[PDB]
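Structural description and commentary
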Amino acid sequence: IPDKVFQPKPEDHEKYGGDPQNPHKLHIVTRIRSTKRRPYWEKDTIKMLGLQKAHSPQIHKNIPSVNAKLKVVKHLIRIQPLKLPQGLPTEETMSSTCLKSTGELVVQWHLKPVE
Amino acid sequence: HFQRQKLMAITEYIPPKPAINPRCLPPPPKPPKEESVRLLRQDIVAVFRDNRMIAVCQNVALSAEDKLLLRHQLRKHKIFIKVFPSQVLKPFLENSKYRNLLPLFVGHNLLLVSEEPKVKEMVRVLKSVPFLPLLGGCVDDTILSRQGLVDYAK
Amino acid sequence: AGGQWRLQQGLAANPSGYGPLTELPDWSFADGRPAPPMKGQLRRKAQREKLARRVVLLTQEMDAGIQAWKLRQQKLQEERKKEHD
Amino acid sequence: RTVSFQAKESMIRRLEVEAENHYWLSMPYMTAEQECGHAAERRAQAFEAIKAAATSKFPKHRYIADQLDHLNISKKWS
RNA sequence: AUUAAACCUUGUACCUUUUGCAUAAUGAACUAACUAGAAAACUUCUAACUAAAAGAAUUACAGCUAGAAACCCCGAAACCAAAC
RNA sequence: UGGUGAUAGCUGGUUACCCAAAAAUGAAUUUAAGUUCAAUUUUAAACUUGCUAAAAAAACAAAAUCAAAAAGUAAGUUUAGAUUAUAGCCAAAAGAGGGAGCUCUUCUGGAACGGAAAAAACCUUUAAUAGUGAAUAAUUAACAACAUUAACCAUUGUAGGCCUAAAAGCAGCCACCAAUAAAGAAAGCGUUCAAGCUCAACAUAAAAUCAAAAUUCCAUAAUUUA
RNA sequence: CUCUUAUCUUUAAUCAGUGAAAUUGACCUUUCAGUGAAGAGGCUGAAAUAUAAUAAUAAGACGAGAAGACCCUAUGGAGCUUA
Ligand code: FES
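Residues numbered from 1 in each chain as written, not as in the entry; some residues may be left out. Chains lettered and ligands numbered in written order. Part of a larger assembly, values for the part shown. Heavy atoms only, no water.

For this deposited structure, the header cites cryo-EM as the method used and 5.67 Å as the resolution.

Quick notes on the overall build of chain D
For chain D, the count of helices and strands is four helices and zero strands. Listing every helix and strand of chain D by position from the N terminus yields α-α-α-α. For a compact globule of 78 residues, the expected C-alpha radius of gyration is about 12 Å, and chain D comes in at 32 Å, more than 25% above that figure. For chain D, the spread of C-alpha atoms along the three principal axes comes to 85 × 50 × 25 Å. When each of the 78 residues of chain D is scored for burial, the buried share is 18%. Summing over all exposed atoms, chain D offers an accessible surface of approximately 7,000 Å²; the carbon and sulfur share of this is 59%. When the 12 positive and 10 negative side-chain charges of chain D are each reduced to one mean point, those points stand 15 Å apart. (Helix = DSSP H or I, 4+ residues; strand = E, 2+ residues; numbered from the N terminus. Rg over C-alpha atoms; globule rule 2.2 N^0.38 Å. Buried < 20%, exposed > 50% of the residue type's maximum accessible area, 1.4 Å probe, protein only. Areas by Shrake-Rupley, 256 points an atom, 1.4 Å probe, with all protein chains shown as cover. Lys, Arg positive; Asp, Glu negative; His and termini not counted. Charge placed at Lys NZ, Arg CZ, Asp CG, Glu CD.)

Observations regarding the protein's contact with RNA strand F
Taken together, 63 residues form the shell around RNA strand F, and within it A:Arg37, B:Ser63, B:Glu65, B:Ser86 and D:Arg42 come nearest. Per the 4 Å cut-off to the protein, sugar and phosphate atoms form 67% of the nearby atoms of RNA strand F. A:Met48 places a polar main-chain atom, nitrogen or oxygen, 3.2 Å from a sugar or linking oxygen of RNA strand F. Within the backbone of C:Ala1, an N or O atom sits 2.5 Å from a phosphate oxygen of RNA strand F. Secondary-structure elements contributing two or more residues to the surface near RNA strand F are α2 (40–49) and α3 (64–72) of chain A, α1 (2–11) and α3 (64–76) of chain B together with α1 (5–24) and α3 (40–54) of chain D. With seven residues, the single largest contributor to the surface near RNA strand F is α3(D). Here the surface near RNA strand F is built from residues that sort into 23 nonpolar, 20 polar and 20 charged. (Near = heavy atom within 4 Å. Polar contact = N/O pair within 3.5 Å; in protein donor to acceptor, adjacent residues only side chain to side chain. Nonpolar A, V, L, I, M, F, W, Y, C, P; charged D, E, K, R; others polar.)

What to know about the pattern of salt bridges
For side chains bearing opposite charge, pairing can occur when the charged atoms are close. This structure, assessed with the given rule, holds 10 salt bridges over all chains. Close ionic contact of A:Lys25 with C:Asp63 constitutes a salt bridge, the shortest N to O distance being 3.0 Å. Placement of A:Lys25 in the loop between α1 (10–16) and β1 (26–31) and of C:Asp63 in helix α3 (residues 39–80) is noted, with the two residues assigned to different chains. Salt-bridge contacts for C:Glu49 lead to C:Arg53; the nearest nitrogen and oxygen are separated by 3.1 Å. Within this pair, C:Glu49 and its partner C:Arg53 are both found in helix α3, separated by four residues, close to a single helical turn. The exposure class assigned to C:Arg53 is partly exposed, which follows from its relative accessible area of 35%. What emerges from the salt-bridge pattern is a single network uniting A:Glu91, C:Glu49 and C:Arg53. (Salt bridge = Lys/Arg side-chain N within 4 Å of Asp/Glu carboxyl O.)

Examining the arrangement of the chains
Considering every one of the four pairs of chains in contact, the largest contact total is recorded for chains A and D. There is no contact between chain A and chain B; across them, the least C-alpha separation is 15 Å. (Contact = heavy atoms within 4.5 Å.)

Thoughts on a nonpolar patch on the surface
A surface patch of nonpolar side chains, amounting to about 350 Å² of accessible area, comprises B:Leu7, B:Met8, B:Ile10 and D:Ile12. Counting residues per element, the nonpolar patch draws most heavily on α1(B), at three residues. Residue placement: B:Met8 occurs in helix α1. (Patch = residues over 30% accessible without salt bridge, like charges linked within 9 Å, V, L, I, M, F, W, Y side chains within 5 Å.)

Thoughts on the side chain of A:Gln80
All names here are of chain A. Within the secondary structure, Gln80 is located in strand β3 (residues 77–81). Residue classification places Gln80 among the buried positions, given a relative accessible area of 11%. If we ignore the near neighbours within four places in the chain, the residues touching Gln80 are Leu26, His27, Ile28, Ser101, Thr102 and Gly103.

Topic: the interface of chain D and chain A
On the chain A side, the residues contacting the 19 residues of chain D number 31 residues. In total, chain D and chain A occlude about 2,300 Å² of area from one another, counting both sides; carbon and sulfur atoms represent 65% of this. The interface formed by chain D and chain A holds zero salt bridges in total. Across the contact surface, chain D and chain A share 10 residue pairs in polar contact. For the side of chain D that touches chain A, the elements supplying multiple residues, two or more each, are α1 and α2 (32–35) of chain D. A total of nine residues in the side of chain D that touches chain A trace back to one element, the largest contributor, which is α1(D). The residue makeup of the side of chain D that touches chain A, split by class, is 10 nonpolar, five polar and four charged. (Buried area = accessible area lost by both parts, 1.4 Å probe.)

Right under this line is the structure:
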């Protein structure tokens, strides 16, 4: 596959809402398919990545080695950029953290409807 | 496989829909007209200018060679059967001395072109066959009927 | 059904995900004494807290790598500017 | 076998999702140089624990209490 | 399951054998009894004693003594001896 | 009758439960229903990197082999003892015999309780627990063709030269001009030969890139409320 | 035989007495088409269908069967005889 596939365009950035500068640090990956009937190399990568259970949240760094590994298993995973509206959680708030489906990890859970 | 068949359908190109079909389009500009036919203009222009009165009689399926003989027969009468295809006859009025004789030159009919006021010679031609519809002669390039021709052929 | 709409509103596609219905206690004493925390809720809290610690560690490690990267480029810079005699 | 309309849409969705994966994999936050050695310390520590655990096998001890406790089987009412 | 025995719904007898398959093929009227894994030379393990061990014959520069731990059933065509 | 429970690599049968690991390469064999050797697996011991990945450089010709550092990750090497397994099936790729299809060699995958009609081999599916909960995956159905060609007429030279009896546009054979408004020295017809049927001639019409075999039919139906 | 018919006996059917054999996984034991290995009472899809009985016929399922029949082979065995 040509490298142009992984070279983004200005329109692509708008569609996916990703800024070319300050790229997202952490990837959110969940397995949505089975590795049965797949070649051994595909099976090995999934086990190494820890995505044994489907729909299992995993925190991984957006680094070339992880990026290379994720590309191999791209079709079996969903990639979402992590967002920290309130910043990194503190030690005291480590028990109050909650990750939303939108990709935002709130450090304080107030048990109030967003509405 | 079923999945492979799905790919084939996906390759089908998606064409956009035009706003209006060509037949139902608003009247668009069309290519300019061109006079191809141009040669025939000179031939009719010269003969009509030369001959003031043009007796007219719808040809009764006459053969081409007969016209050659009739041309010589009129040469005895000092007249000529100079006729040309009628598709280029209609644009004659468009580019000629007159522009208003189009209704008179409706249909394809024999044109008897005479420049001299030899009435007896012209009528003798009429005496050959009267049954074909003889519209009349435009004496002095003026609209005349068959009876009008007689009233003004004098 | 309705998972797509729930995602559109920002809620979990499956109502059994993150929500007051699942997270909140399901009962309390008639006397008013609060009920003990649910074992599943406590179990779920532990995993969420553990994942948060991993996020902090990964970010801290990435921060160190970013700084240590620049630090390695500062050693090259000072190495270039050298003289003797 | 003519393709059902539902199947075509499902395949399109998978391709579209994979396209998003491509974009988010198109912006590596850390360059190649930064990655080198960033996790070296952690990996070294982890292997040391692995070696210690792996080489900890040995036969288990035997205690007098086990033999002596068997005599309690004869306990009865006074 | 059910208010309800039957209706509605679900479900291609068993062993053996074939390919990890039988809509193949073998065997079975049923009841009761009877009907097929057996050996310690060495090793591991459990202990006694220790440059010694073993109640004679053995082994030994940690060995030696004791204990425990193991390997089916039925069925030929035949072959030979001695009588009838 | 006894030897005799003869022998039988052959046929058949061979009686409780639970947990863990777990079959299908190379070499030789009267060998391919078995056995030995390598390789695996396995137990014990010694102590440390291993697997995936891996830039550039070569090697070849002008994504694997090799393997810096990483990274993702937890096994690996050596020593000692020891066997069992060593026969698939089908699908799908790459070749070679070949020309259908087959016959092989090599790589890849599989063993639903879901789906494709029933469906070992295809698709969705990480194990298995109770509950009259919930979100989803695959999922036998699908929605005739045309963008030069439609009306009218057909005269004269020369029946032009050619073996043709004769062949005149029209048996052969020719080159290939004129008049005319328009006539092809002829386009298909007709042809004892020609007369003769039209097509092109001129006048006058009107147009403008492929689709959706023999028992007995076999769900029933169904074009528009977002 | 054309061209079959009639009568009598045996069998047959009824009453009463006595009373086997091969066989047998269980069967609440249907038809059409499909599927499959030539192949379906038991699968797939249609159809038919009060319960229980009673009396008749042997064409086909290229019916089911045996170590039946014939010919030939073996750088197969084994046995026997030798000049
Ligand atoms: S709608 Fe038919 S030509 Fe315009």
